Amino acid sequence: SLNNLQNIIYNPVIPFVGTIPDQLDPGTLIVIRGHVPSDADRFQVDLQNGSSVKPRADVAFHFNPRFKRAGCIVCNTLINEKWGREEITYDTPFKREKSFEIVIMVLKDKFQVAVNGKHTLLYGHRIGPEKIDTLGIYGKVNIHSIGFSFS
């Protein structure tokens, strides 16, 4: 059959703020397929505790490809409206005008992210993943599909 992921969302409007339909237990996958527009400066995928804007929802995991200069991916955590220490990954596979697949795997102590079938980065948990119930996608990105595999 054609359904290999759960709770699939197709061609969402960006910015996208959606409820994650089950718990992010170890082994859970979040799978996002899309493409970067030619003028992209950045986009972000945020795993959030709720969707409030005041106070702004905590972001357990901010995954933020940036396209200026040589490009990079910045990761961070937002707690009580304050950003923490950035973790920057310089070996970035994202490119303007190219399509991508992001697979975020939740593990016990960290997230692991693979892009286009290749391991890209790790990010240690700073907020318990049990607090995450919302997926936010913002910025200059086109999203084809979002799906989940819940453990």
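Start at 1 and count along the sequence shown; that's the residue number.
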On average, are the C-alpha B-factors higher in 22-30 or in 56-64? 22-30
I need to verify one thing: averaged over C-alpha atoms only, is the B-factor higher for 1-9 or for 142-150? 1-9
Looking at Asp46, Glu87, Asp41, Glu101, which has the highest Cα B-factor in the entry? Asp41
Consider only the C-alpha atoms of the modelled residues in this chain, order them by B-factor as the entry records it, and name the third containing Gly50: lowest, middle or highest. middle
Quick check on the deposited entry: does the C-alpha B-factor of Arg126 sit in the lowest, middle or highest third of its chain? middle
Is the Cα B-factor recorded for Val115 in the lowest, middle or highest third of its chain? middle
Using the B-factor values recorded in the entry, state whether the Cα atom of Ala70 falls in the lowest, middle or highest third among the modelled residues of its chain. highest
